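Inspection log for the structure reproduced underneath, given as structure tokens.
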Amino acid sequence: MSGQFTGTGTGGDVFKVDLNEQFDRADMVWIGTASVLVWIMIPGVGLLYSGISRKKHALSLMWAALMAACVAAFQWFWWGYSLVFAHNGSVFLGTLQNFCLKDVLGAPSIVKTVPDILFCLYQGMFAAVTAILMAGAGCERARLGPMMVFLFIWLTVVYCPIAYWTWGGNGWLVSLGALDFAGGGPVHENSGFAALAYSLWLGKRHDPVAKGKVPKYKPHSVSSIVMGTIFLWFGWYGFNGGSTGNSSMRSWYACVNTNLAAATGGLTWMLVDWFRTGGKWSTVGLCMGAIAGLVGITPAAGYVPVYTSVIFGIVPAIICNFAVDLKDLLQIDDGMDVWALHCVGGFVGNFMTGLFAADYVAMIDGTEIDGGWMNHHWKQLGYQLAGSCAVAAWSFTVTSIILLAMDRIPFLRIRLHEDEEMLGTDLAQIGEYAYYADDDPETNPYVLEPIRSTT
Amino acid sequence: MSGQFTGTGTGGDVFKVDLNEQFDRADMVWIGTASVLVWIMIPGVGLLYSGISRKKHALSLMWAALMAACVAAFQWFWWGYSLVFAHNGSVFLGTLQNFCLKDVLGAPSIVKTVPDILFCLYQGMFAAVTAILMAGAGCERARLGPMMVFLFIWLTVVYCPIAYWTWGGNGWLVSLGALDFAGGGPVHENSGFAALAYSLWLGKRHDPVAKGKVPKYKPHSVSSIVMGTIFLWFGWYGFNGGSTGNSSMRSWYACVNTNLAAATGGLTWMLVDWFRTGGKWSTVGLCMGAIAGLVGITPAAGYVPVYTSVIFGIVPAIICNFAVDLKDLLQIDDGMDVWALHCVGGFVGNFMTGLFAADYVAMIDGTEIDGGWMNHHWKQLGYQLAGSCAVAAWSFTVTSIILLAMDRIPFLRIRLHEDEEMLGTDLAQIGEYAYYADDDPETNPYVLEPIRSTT
Amino acid sequence: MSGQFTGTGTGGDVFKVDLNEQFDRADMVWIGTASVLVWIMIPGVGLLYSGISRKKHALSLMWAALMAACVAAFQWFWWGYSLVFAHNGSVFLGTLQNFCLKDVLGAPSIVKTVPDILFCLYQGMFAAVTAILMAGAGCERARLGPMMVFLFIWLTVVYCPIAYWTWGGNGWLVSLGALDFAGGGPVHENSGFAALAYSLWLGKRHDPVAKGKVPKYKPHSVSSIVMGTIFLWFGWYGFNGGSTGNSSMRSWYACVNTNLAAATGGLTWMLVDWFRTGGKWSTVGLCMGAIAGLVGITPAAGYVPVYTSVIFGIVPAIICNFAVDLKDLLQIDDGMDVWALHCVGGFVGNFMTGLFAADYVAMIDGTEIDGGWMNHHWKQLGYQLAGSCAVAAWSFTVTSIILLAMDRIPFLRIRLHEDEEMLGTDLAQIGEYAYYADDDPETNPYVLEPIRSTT
């Protein structure tokens, strides 16, 4: 019990040492602020995907964002933080050393400029953003109980390993040399490939909104799309700007890159839509392009020269705009918008990080990297591809397994089969289920949950 | 006129000393940021209580939140800050030493890590949040002029004394040893018991929405409930996280506790509703439970171990969920939602702080406390109860007096009696009052103020 | 290549020096946070002017705020930052030294407490707020392509010179001694006089909403007005609080002044409306008065004693409230709300800064000024008037030239003449333009762009 700084456990005895002395207070303030900013991205995701939908979802994703904030916070506390950021992990996962945040306090975190407790706060927001991306992707005819269980399991066995490989103290992707500045792999590529697994296993096939001569854009609520894009772009300054872990000017450089990629992505997607529609101005397109650029710059924001951030707007916006068209070749809508922006945007950004990463940008705050093709470090592109392939293999395969194992268990089935659920119009004709008469989630105090036509 | 640091008055002469040298700049930045975050809780309250209402209020609480931000800011400047945070107070109140913020500048505040001027900014937001809680509680058939006068008086003679006892330099509750980390007494218990006084003296009796077989949840606007809950949870990181007064990791520890209590409160209330309705998922319940947990953890966030923060979600959510049922036993709706979340949630949290407060949590930033039952400091629970009883006696009794003294004065009567006001439908039939035809506050440029049927 | 700190170029070689050593990290964190806060004012402007409109605009200003965020960010990167904040400017403009942010990194900025890259982030938000004020002012029957080109040109040749005179390293207004704390000239007076140029050249004359016995207030969406006012007041803490460039308590003093001016402006405008309507409570008026006070205090917030901030609420709210009446004398509505709040509010605030500026307020963080009439520095009022006259002459004249040169070019004409555009109801009857049937921007994926009746 000398209690001096150990770098392990709680970091020392608060009655004997001031744990705050190990950290620059301004670093801590910025990462605390950035945590608050990432938190508001959670309802941003909900608003965005609620608004863009071409189908009336029975579950309101604006409200489901709060449900996801609750489920993710509890999972992170319970063991999610420990599985990613315990200090004694393997190369593929952490441990249960910090179960229920036991001994999470003032030791320097995997990011040594902030203590464990603050790194826990910040990184837990990333877990929550990914949870609402997953709830958004799988929200069509979802049952709420099974969805909450799914999110808990999916965070534990899909998010946490991929996050560990990317960020953990011994993560194998970190060792390989792959670059991922703000977690494009664990957040965007991961949620995107998981969305794809949902689309192909549980999504509706031959979907009327994706079949024949149907509009590409047919939004539920433009004002929801816009409000979600506002919260997402506002919060993304914390998402990317805080991923330095410090108050250095690399944080602000990352913010300039973030803003410029969002801006160029928005204008690019709208310009592509203008060419492809023969002169129309796409309100949905401007918002999706801003998100495409934000996703695109996420792996790169603290590594690439400011002038290259425009390419992280332009190229993801172009490729994602055409990716959305694959919904019509497959005739599937469910889950595919999250796949198109986050999987395809995240893959493109991760790949381009291997091209444009620069050692002199990372060195703005002393961070040492070999760099990308900008430094003729040709091997970097293969490290990026190794990262993307690992994320895709794990996220798609394990998400498929979870969805299908729950589908075979009757009370955990996330989405009832079409032949077993009752119609809201016929439920409204029953007295013990009369509240389905109100099919508008603005005055209804109850979720219009799918009901098995066996009761 | 040597102007060196005195700790009194302006703190020194700006032409001779740098007043900023007394403070850690990172402490100041966090409390400045947290002030901005608490500010957005003001419209959060308005949105939440506007949306949850089972009655169409003529006054829009989203808009009334801005009115309350204006009235509270002026009252705080005029003498509210001085009555709580003057440096020469008694044990029950401050003074008028800082009338119109005279000499409020660079002396270390009652919280010595920030200067008076910044502490004034931060604490004034708490006064404003309490003002909109009070306007929300008393908004049914309120007359706007009288309401603005009421809020000014109520802040001066109810909020400011209770805040002084809790936070002031010589406040008697501080001396007793009562713990109240982020102002659960002055903000939540206070507004809650004042709401109760409104309910029992001015609220409608035998209210059709609270009588017989009526729905417990019947919201005006679910999207308003959700947007309000978003702003409240986002801002609460400043409300609780800033209540350390510093940039230490106790601030971030308080944020982790805040997030986990909100999350567990939301899931608990929804689970209780699911059991009590026989299988329904309550969209209103999830939001009210998040607020219950946020209120519950407010007195405790910087004092309790992280694993106990889940109890500050669970137990307030359970007890508050049943408290809302008392609206049906009394057959009163007006004011009772604010009472149920803030009085009952604040009382439960204050009580549980005496159980779970821990000296090693407070000591994260050097703060010295005897602790709670966690440290077998058994007397702490009685100090907490002394605090709650003082708040309840003062807030309920003095709020009752104000409401009844204004009720007896004809131009200050806050709520016209049912027999003396004219119906909006009959006002619409008069030309000098034709604008009451529009009973929807979305296109109407005028408040649909109650009009005495004597003109 | 010694790479030590030069104060020029990139500021030094990142491989040889730590550029962050030149700056207080807490200063950087506050200005980074304040940048994020100013960003959300961009959609705040859009919401406010969308909601207040007495006419149904075909272009949604909430959505157009994102378009403006994109166009302004790209212009700032391309050459806007360089034209204002290059380190080698003349007295009237900067240069293209920092084209595409070349060499923008760690040299101390024109504001020496933050590096170029962070000053670029922060000041670029001001450029974007001004862009959405301009898009709001000119939004009636705007064509989106021409508007985007107009904003790019207008930022380059109107905003950037005026910003340079106000803020640039050799700006002539700075040399004269004019005071403008947070950019009331470049943001508010500038956008306001440019709006006036739009009103008088492109606005509709003899407008039915401004002719005869018509309501002064007749809003499109009160909830939009309120949400915009919320985002604007929340973000204005960064707008004014960050304009110190540091973490000193002058930042927090500026925030107290900002809040009190907003509060007193809101209550004053509502009280004026109450007297002028004979007893009505104006929901629009409370919001416009808060904005009037925010605009009014912008040039003054870091220079005037706290008790005088109430005059920056009261007097702008009174004068602006009567200015709005000039819409009825001219019978023009288009562009005039932005003129009335930002030109008239900004002029009044700039003038009153010469009266109330105090050397002891500026000296809170070491800033040295002669002061205003408060210091019997009588000449200060003439320096303020010189500033306002220069802004008005440049903004009005050059904006007029741009609008008229584009008007004469057929594919750049911003607003089609009434005789050449087709009616949305007749477009809806054509198949290649059928989407004009939906005249509500909430479900329509396409901007209802004006179409020449020649195709």
Side-chain angles (χ1 to χ4, degrees), chain A residues 5 11 14 17-34 106 108 113-115 117-118 245-248 251, chain B residues 4-7 10-12 14 17-37 105-123 237-238 241-255 302 362-368, chain C residues 20-34 113-114 241-242 244-255 364-366:
Chain A
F5 306 133
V14 291
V17 299
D18 179 4
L19 297 173
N20 300 291
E21 281 181 357
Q22 305 174 91
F23 309 104
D24 182 295
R25 298 304 193 92
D27 285 359
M28 288 196 287
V29 173
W30 175 236
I31 298 310
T33 297
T113 44
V114 294
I117 185 68
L118 178 51
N246 63 44
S247 60
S248 78
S251 306
Chain B
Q4 320 204 349
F5 306 133
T6 64
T10 56
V14 291
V17 299
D18 179 4
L19 297 173
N20 300 291
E21 281 181 357
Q22 305 174 91
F23 309 104
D24 182 295
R25 298 304 193 92
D27 285 359
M28 288 196 287
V29 173
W30 175 236
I31 298 310
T33 297
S35 301
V36 184
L37 294 169
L105 187 54
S109 79
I110 303 303
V111 167
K112 306 292 158 202
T113 44
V114 294
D116 281 338
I117 185 68
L118 178 51
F119 201 56
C120 178
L121 179 69
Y122 183 56
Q123 276 301 325
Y237 293 117
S243 286
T244 55
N246 63 44
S247 60
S248 78
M249 70 184 76
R250 191 165 77 116
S251 306
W252 327 126
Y253 198 100
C255 287
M363 203 54 196
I364 288 165
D365 67 359
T367 299
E368 292 169 11
Chain C
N20 300 291
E21 281 181 357
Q22 305 174 91
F23 309 104
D24 182 295
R25 298 304 193 92
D27 285 359
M28 288 196 287
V29 173
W30 175 236
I31 298 310
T33 297
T113 44
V114 294
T244 55
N246 63 44
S247 60
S248 78
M249 70 184 76
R250 191 165 77 116
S251 306
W252 327 126
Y253 198 100
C255 287
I364 288 165
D365 67 359

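Below, chains carry the letters A, B, ... as their sequence lines are ordered, and counting in each starts from 1. Every heavy atom of this structure was used, including side-chain atoms; hydrogens, water molecules and symmetry mates were not.
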## Note on the structure
Taken to the nearest 0.5 Å, the spacing of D18(A) CG from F23(A) CZ works out to 10.5 Å

### Message
Testing the basics here: between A26(A) and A26(B), what is the closest heavy-atom pair and its distance to 0.1 Å?
### Response
N-CB, 3.7 Å

### Summary
Here the pair of heavy atoms bringing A34(C) nearest to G242(C) is CB-CA, 4.0 Å

### Query
How far apart are the closest heavy atoms of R25(C) and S248(A), and which atoms are they?
NH1-N, 3.3 Å

### Query
For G245(B), does its backbone N or O pair with a side-chain atom of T113(B) as donor and acceptor, under 3.5 Å?
yes

## Note on the structure
Interatomic distance, CG@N20(C) vs OG@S251(A), rounded to 0.5 Å, equals 8.5 Å

### Query
Does any N or O in the side chain of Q22(A) come within less than 3.5 Å of the main-chain N or O of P108(A), such that one atom is a donor and the other an acceptor?
no

### Query
So, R250(B) side chain and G302(B) main chain: donor-acceptor pair closer than 3.5 Å or not?
yes

### Query
Taking all atoms of both residues into account, what is the closest heavy-atom pair of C255(C) and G241(C), and its distance?
SG-CA, 3.9 Å

### Task
Say whether, by atom type as modelled, one donor and one acceptor occur between the side chain of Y122(B) and the main chain of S243(B) under 3.5 angstrom.
yes

### Query
Under 3.5 Å, is there a donor-acceptor pair between the side chain of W252(B) and the main chain of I31(A)?
no

### Query
Looking only at heavy atoms, what is the nearest atom pair of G106(A) and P115(A), with distance?
CA-CB, 3.9 Å

### Query
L19(A) versus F5(A): any side-chain heavy-atom pair under 4.5 Å?
yes

### Query
Between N246(C) (side chain) and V114(C) (backbone), is there a donor-acceptor pair under 3.5 Å?
no

### Message
Is a donor from one side chain sitting under 3.5 angstrom from an acceptor on the other, for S247(C) and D27(C)?
### Response
yes

### Message
Against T244(B), only a single residue in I364(B), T367(B), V111(B), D365(B) fulfils side-chain contact (heavy atoms from CB on, under 4.5 Å); can you say which?
### Response
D365(B)

### Task
Test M249(C) against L118(B) for side-chain contact (heavy atoms from CB on, under 4.5 Å), laying out the working first.
CA-CA 7 Å; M249(C) 70 184 76; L118(B) 178 51; 5.9 Å; no

### Query
Stepwise, does the side-chain contact (heavy atoms from CB on, under 4.5 Å) test hold for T33(A) with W30(B)?
CA-CA 8 Å; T33(A) 297; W30(B) 175 236; 3.8 Å; yes

